[PDB]
Structure formats: C-alpha cells, structure tokens
4 protein chains.
Amino acid sequence: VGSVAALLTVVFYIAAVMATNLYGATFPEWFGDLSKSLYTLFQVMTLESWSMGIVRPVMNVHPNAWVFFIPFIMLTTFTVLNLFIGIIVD
Amino acid sequence: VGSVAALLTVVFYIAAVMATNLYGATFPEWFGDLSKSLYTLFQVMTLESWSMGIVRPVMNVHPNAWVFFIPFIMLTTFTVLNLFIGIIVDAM
Amino acid sequence: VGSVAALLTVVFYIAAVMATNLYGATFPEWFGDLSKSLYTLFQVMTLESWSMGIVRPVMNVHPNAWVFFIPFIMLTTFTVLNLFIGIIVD
Amino acid sequence: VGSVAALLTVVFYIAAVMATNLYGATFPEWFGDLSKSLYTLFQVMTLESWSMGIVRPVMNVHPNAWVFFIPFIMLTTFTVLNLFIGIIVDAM
Ligand SMILES: CCCCCCCCCC(=O)N(CCO)C[C@@H](O)[C@@H](O)[C@@H](O)[C@@H](O)CO
Ligand SMILES: CCCCCCCCCC(=O)N(CCO)C[C@@H](O)[C@@H](O)[C@@H](O)[C@@H](O)CO
Ligand SMILES: [Br-]
Ligand SMILES: [Br-]
Ligand SMILES: [Br-]
Ligand SMILES: [Br-]
Ligand code: NA
Ligand code: NA
C-alpha cells in the first residue's frame, strides 16, 4: 500500500513533467507550468471532462495526444482502485 | 482474466466497426473512421459526456442510437469492473 | 442477485413514472414521456452531467427537485454496486 | 459503519460551512448559503463537472481553491467507497 502510493506520486509527477513540455506552449491554461499540469492530470484522473473538455481540444493541435492521455487514465485509475481496495483490506 | 481482456478487445473492436457504419457519415468527427470510433467508445466507456455530448446529438438523427450505446455501456462497465477486480484477486 | 435486479427495474420504472408527471410539462426534452424519462434517469444514474446539465436547470423551475434526484442517485448507485459485487462473488 | 456515516455527515457539514464563508460572496449561485453549499459539495463528491464547471471558475478569483476541493474529493471519495463496501461486507 505504502509502495503503491509512492509509485502513484512518481508517475503523477513524471506525467505532469512530460505534459508541461508537450502541451504547455499550445495549451498554457491547462499545462503552462508543473502546477497547472498536476491540477489537469488530477481532473483527467477523476475522468471529469477529460475528452470533451481537455483531450479532444488537445488532439486538434497534437493528433497523437491520446497516446499520452489514454495510457495515463488506464494506469492511474487501475493504480487508484488497487490502492483503495489495498488500504481497505489492510 | 486473460480471456476477459481478450473478450473486451473483440467486443470493443466490433462495437467501433458497427459505430463507424451506423454514425460515420452523419457524425464524422466522432465516428468517421475506425480510429475516431475506437476513441469515442473509450470516452463513452469512461462515461465522459456520453449522453449530453455524444448520445443525445446522435439520437437527434438516429432515434434508436440508445439501443446501441446503453447495452455497450452496460457490457463494458460490467467487464472493466470484472477485469480490474480479477487482477486484484489473482495477486492476493 | 436476481431479486436485486428485479428491485432495480421496479424502482427505475416507478422513478421514471414520477419524473414524467413532475418535470414532463416544463422539461419535455428530458421527461416529456416515459421513454425520455427512462433515458434521462439512466444518464443521471451514470452521473453524467446530472447537476450542471439536468438537476440545476430543473431546480430553476422546481426548487425542491434535489429531493427526487439526490435520493435517486444514492439509491440506484448503491443498488448497482451491490448488484455488480453480488454477481462477481456468485 | 454507523461511525463512518456519522463522520461523513460531520465532515460534509463543516466543509459546506467553510465553502459558504470562502466562496459565498463571489460565487452566490453555488455557495451563497449553507443549502446551496451542501448541494455543490454533493455534485463535487460525485465528480460531476467538479473542475470545468466549479473549481476552475472558483480558481479564477481564489487561486488556492484547489487546496480546499482536492482534499475534499480525496477524503469523501475514500469514505463513500469505504461506507458502501462496509455495508456489503456487514451483510455477507
Ligand atoms: C494527485 C496529486 C494532485 C496534486 C494537485 C496539485 C495542484 C497544484 C495547483 C497549483 O499549485 N496551482 C497554482 C496556485 O497558485 C493551481 C493551478 O492549477 C493554477 O495556476 C491554474 O490552473 C490557473 O489556471 C487557475 O486560475
Ligand atoms: C436501466 C434501464 C434503462 C433503459 C433505458 C430505456 C431508454 C428508452 C428510450 C426511448 O425509447 N426513446 C424513444 C425512441 O424512439 C428515446 C428517448 O430518450 C427519446 O425519445 C428522446 O430522448 C429524444 O429527445 C431523442 O431525440
Ligand atoms: Br479520486
Ligand atoms: Br476506465
Ligand atoms: Br452503469
Ligand atoms: Br455517489
Ligand atoms: Na462527467
Ligand atoms: Na464517474
């Protein structure tokens, strides 16, 4: 559980670093700095307007953006369930 | 677990083949080609703007679209839950 | 499990009957007939735009609408988890 | 289980008392009185338009609003999961 939450924070920070560099210049409101990118990736993790509000607008400039976002959603949500269920048992 | 992930991929692919055919011509931005259709059905599976942003606009042209999307949501949502729980149990 | 799904269908139909009578006249696009109301209550059960898209617009005309919608969400989602987990075990 | 449902109600009430105070004057439609604040925090807890529709507009005026809402989502989401699983286990 402790190791699970550690992995989640590292992946979240690494993903927000990547997102800042990729979309920061073209999408400054969402990815303009590390802070903004961490906030956006949390919104995306919660699945709130991820496609209609974030990813589809991002894909209009960067067609391959889904290669970042879809694996991120698959990875962070699977980890979150694993962490939530893992903490409940212990 | 592997068979579940295989079944989900097959079901997902056929669903996007069907959706391209049904809505492609009338909704090209969301279902105009297999790629776009795989992306939309993923958005639909996550439940993101599925009704307000996709299914209701689709229902304006195709009144029965709900016969496709509602069973799709029910089928994939039950499977993704079963798959994610399946990995957790088969690791404890 | 079989009894759980039976209860869910009855509550869903009864709720869609109630919604048609309550909001049908003022909100015809969402609750104008039993069919429309069943579709809307499914959208509301999945939590998609339930407040921003449906309930807040409904509350502008019917201030107490939340007394219908909030218990519905609480009831149908709890039942759905109970049914999903219940089927997985058996 | 009962203690969990009690803790959630207390946490929910205090959160809506705080939100009324912090955002009431600047966001009256969503946090203008305790009632509106209880309703908004329920919408936020379900994750419905929490960021695009509530938290980002709130962050335009109050840049630190995320310090309130993100821990709120994390706290209530973990509790609601724990409460719902808790009833299921304490019936099997
Ligand atoms: C899982 C761990 C999730 C951690 C989430 C961390 C969020 C950090 C957000 C932050 O530090 N901000 C700067 C606060 O000064 C908020 C930004 O999101 C903000 O600059 C922009 O979004 C603006 O557009 C808002 O008007
Ligand atoms: C858990 C069980 C969920 C069951 C869901 C049943 C849905 C039945 C929907 C239906 O029969 N319709 C009529 C099909 O002719 C669709 C309506 O939703 C439609 O009339 C309106 O929404 C219009 O506004 C669309 O343009
Ligand atoms: Br969360
Ligand atoms: Br998912
Ligand atoms: Br569902
Ligand atoms: Br809920
Ligand atoms: Na949503
Ligand atoms: Na959701």
# chains A, B, ... in the order shown; residues from 1 in each chain; ligands from 1
call {"tool": "interface_residues", "arguments": {"of": "chain D", "to": "chain B", "cutoff": "12 Å", "atoms": "only C-alpha atoms", "output": "PyMOL selection string"}}
result
chain D and resi 47-49
call {"tool": "write_last_selection", "arguments": {"atoms": "N, CA, C and O atoms", "output": "PDB file, in the first residue's frame"}}
result
ATOM      1  N   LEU D  47     -18.214  13.832  -8.549  1.00  0.00           N
ATOM      2  CA  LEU D  47     -17.197  14.223  -9.551  1.00  0.00           C
ATOM      3  C   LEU D  47     -17.783  14.894 -10.780  1.00  0.00           C
ATOM      4  O   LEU D  47     -17.066  15.098 -11.751  1.00  0.00           O
ATOM      5  N   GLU D  48     -19.073  15.252 -10.736  1.00  0.00           N
ATOM      6  CA  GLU D  48     -19.814  15.883 -11.826  1.00  0.00           C
ATOM      7  C   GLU D  48     -19.384  17.356 -12.066  1.00  0.00           C
ATOM      8  O   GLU D  48     -19.644  18.220 -11.230  1.00  0.00           O
ATOM      9  N   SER D  49     -18.739  17.640 -13.225  1.00  0.00           N
ATOM     10  CA  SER D  49     -18.227  18.977 -13.620  1.00  0.00           C
ATOM     11  C   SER D  49     -17.458  19.696 -12.499  1.00  0.00           C
ATOM     12  O   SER D  49     -17.441  20.934 -12.447  1.00  0.00           O
TER      13      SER D  49
END
call {"tool": "calpha_fit_and_write", "arguments": {"fixed": "chain B", "moving": "chain D", "output": "compact mmCIF listing (two decimals) with C-alpha atoms, in the first residue's frame"}}
result
# COMPACT_ATOMS: atom_id res chain seq x y z
CA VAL D 1 -8.51 -12.77 -16.61
CA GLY D 2 -6.67 -13.04 -19.98
CA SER D 3 -9.87 -14.36 -21.64
CA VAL D 4 -11.79 -11.36 -20.10
CA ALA D 5 -9.22 -8.84 -21.56
CA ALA D 6 -9.44 -10.74 -24.90
CA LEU D 7 -13.30 -10.62 -24.85
CA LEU D 8 -13.24 -6.87 -24.06
CA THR D 9 -10.87 -6.12 -27.04
CA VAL D 10 -13.01 -8.19 -29.50
CA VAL D 11 -16.28 -6.59 -28.20
CA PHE D 12 -14.64 -3.14 -28.33
CA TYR D 13 -13.36 -3.65 -31.93
CA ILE D 14 -16.69 -4.95 -33.30
CA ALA D 15 -18.55 -2.10 -31.49
CA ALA D 16 -16.28 0.50 -33.24
CA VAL D 17 -16.70 -1.30 -36.61
CA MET D 18 -20.56 -1.09 -36.13
CA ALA D 19 -20.45 2.56 -34.86
CA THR D 20 -18.31 3.65 -37.91
CA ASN D 21 -21.00 2.12 -40.21
CA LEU D 22 -24.06 3.45 -38.32
CA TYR D 23 -22.89 7.02 -37.40
CA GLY D 24 -19.75 7.68 -39.57
CA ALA D 25 -21.45 9.63 -42.39
CA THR D 26 -23.68 11.76 -40.08
CA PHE D 27 -21.22 12.22 -37.15
CA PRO D 28 -17.74 12.23 -38.91
CA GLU D 29 -15.88 13.99 -36.01
CA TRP D 30 -16.73 11.12 -33.59
CA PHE D 31 -17.34 8.05 -35.81
CA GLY D 32 -15.95 8.95 -39.28
CA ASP D 33 -13.26 6.17 -39.27
CA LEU D 34 -12.33 3.13 -37.09
CA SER D 35 -9.70 5.18 -35.10
CA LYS D 36 -12.18 8.00 -34.20
CA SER D 37 -14.83 5.31 -33.33
CA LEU D 38 -12.35 3.42 -31.01
CA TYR D 39 -11.56 6.78 -29.29
CA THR D 40 -15.29 7.75 -28.90
CA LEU D 41 -16.29 4.33 -27.50
CA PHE D 42 -13.40 4.66 -24.96
CA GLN D 43 -14.76 8.12 -23.91
CA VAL D 44 -18.27 6.51 -23.77
CA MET D 45 -16.95 3.56 -21.68
CA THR D 46 -15.39 6.03 -19.12
CA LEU D 47 -18.89 7.71 -19.03
CA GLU D 48 -17.40 11.11 -20.03
CA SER D 49 -20.16 13.34 -21.67
CA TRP D 50 -21.62 10.09 -23.09
CA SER D 51 -25.24 11.38 -23.09
CA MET D 52 -25.07 15.24 -23.32
CA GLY D 53 -22.02 15.39 -25.63
CA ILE D 54 -22.41 12.18 -27.74
CA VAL D 55 -25.62 10.03 -27.47
CA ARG D 56 -28.28 12.88 -27.37
CA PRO D 57 -26.74 14.66 -30.50
CA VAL D 58 -26.61 11.16 -32.12
CA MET D 59 -30.26 10.49 -31.13
CA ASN D 60 -31.41 13.71 -32.97
CA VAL D 61 -30.58 11.98 -36.28
CA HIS D 62 -30.77 8.25 -35.26
CA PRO D 63 -33.66 7.97 -32.70
CA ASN D 64 -32.71 4.41 -31.73
CA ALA D 65 -28.97 5.10 -31.06
CA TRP D 66 -29.69 4.35 -27.35
CA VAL D 67 -30.24 0.63 -28.37
CA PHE D 68 -26.51 0.59 -29.31
CA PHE D 69 -24.93 2.80 -26.57
CA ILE D 70 -26.86 1.75 -23.43
CA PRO D 71 -26.06 -2.06 -23.85
CA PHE D 72 -22.46 -1.00 -24.80
CA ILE D 73 -22.07 1.00 -21.51
CA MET D 74 -23.64 -1.89 -19.51
CA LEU D 75 -21.49 -4.57 -21.19
CA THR D 76 -18.10 -2.76 -20.98
CA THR D 77 -18.70 -1.25 -17.49
CA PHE D 78 -19.51 -4.73 -16.05
CA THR D 79 -16.43 -6.22 -17.89
CA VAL D 80 -13.90 -3.45 -16.88
CA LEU D 81 -15.04 -3.85 -13.23
CA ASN D 82 -14.73 -7.69 -13.56
CA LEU D 83 -11.27 -7.35 -15.23
CA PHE D 84 -9.85 -4.88 -12.65
CA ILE D 85 -11.24 -6.92 -9.68
CA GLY D 86 -9.97 -10.11 -11.44
CA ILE D 87 -6.30 -8.91 -11.48
CA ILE D 88 -6.57 -7.79 -7.77
CA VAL D 89 -7.93 -11.22 -6.62
CA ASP D 90 -5.40 -13.12 -8.87
CA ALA D 91 -2.49 -11.34 -7.00
CA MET D 92 -3.73 -11.82 -3.37
call {"tool": "residues_near_ligand", "arguments": {"ligand": "ligand 4", "cutoff": "7 Å", "atoms": "only C-alpha atoms and all ligand atoms", "output": "JSON, numbers by chain"}}
result
{"A": [73, 74, 77], "B": [46]}
call {"tool": "write_last_selection", "arguments": {"atoms": "N, CA and C atoms", "output": "JSON list (two decimals), in the first residue's frame"}}
result
[["chain", "number", "residue", "atom", "x", "y", "z"],
["A", 73, "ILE", "N", -4.84, 7.46, -18.05],
["A", 73, "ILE", "CA", -6.14, 7.12, -17.46],
["A", 73, "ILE", "C", -6.14, 5.64, -17.06],
["A", 74, "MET", "N", -5.74, 4.75, -17.98],
["A", 74, "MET", "CA", -5.69, 3.30, -17.74],
["A", 74, "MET", "C", -4.78, 2.97, -16.55],
["A", 77, "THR", "N", -6.01, 5.14, -12.94],
["A", 77, "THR", "CA", -7.25, 4.61, -12.39],
["A", 77, "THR", "C", -7.05, 3.18, -11.85],
["B", 46, "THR", "N", -15.80, 5.34, -20.35],
["B", 46, "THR", "CA", -15.39, 6.03, -19.12],
["B", 46, "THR", "C", -16.54, 6.84, -18.52]]
call {"tool": "interface_residues", "arguments": {"of": "chain A", "to": "chain C", "cutoff": "12 Å", "atoms": "only C-alpha atoms", "output": "list in words"}}
result
residues 47, 48 and 49 of chain A
call {"tool": "residues_around", "arguments": {"residues": "region 31-40 of chain A", "least_positions_apart": "2", "cutoff": "8 Å", "atoms": "only C-alpha atoms", "output": "compact mmCIF listing (two decimals) with C-alpha atoms, in the first residue's frame"}}
result
# COMPACT_ATOMS: atom_id res chain seq x y z
CA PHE A 12 1.93 11.55 -11.44
CA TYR A 13 4.96 13.92 -11.19
CA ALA A 16 2.99 16.24 -15.27
CA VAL A 17 6.61 16.98 -16.21
CA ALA A 19 2.61 17.09 -20.18
CA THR A 20 4.17 20.57 -19.34
CA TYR A 23 1.26 20.83 -24.29
CA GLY A 24 2.44 23.80 -22.18
CA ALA A 25 3.17 26.16 -25.11
CA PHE A 27 -2.33 24.83 -24.03
CA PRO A 28 -0.93 27.32 -21.36
CA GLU A 29 -4.17 27.43 -19.25
CA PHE A 42 -5.84 15.10 -11.37
CA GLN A 43 -9.01 16.28 -13.27
CA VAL A 44 -8.18 13.77 -16.06
call {"tool": "select_by_dssp", "arguments": {"residues": "chain A", "states": "alpha helix (DSSP H)", "output": "VMD selection string"}}
result
chain A and resid 2 to 23 28 to 31 34 to 45 56 to 61 66 to 89
call {"tool": "atom_distance", "arguments": {"atom1": "CA of residue 50 (chain C)", "atom2": "atom 1 (Na, counted along the ligand's line) of ligand 7"}}
result
8.4 Å
call {"tool": "atom_distance", "arguments": {"atom1": "CA of residue 85 (chain C)", "atom2": "atom 1 (Br, counted along the ligand's line) of ligand 5"}}
result
13.0 Å
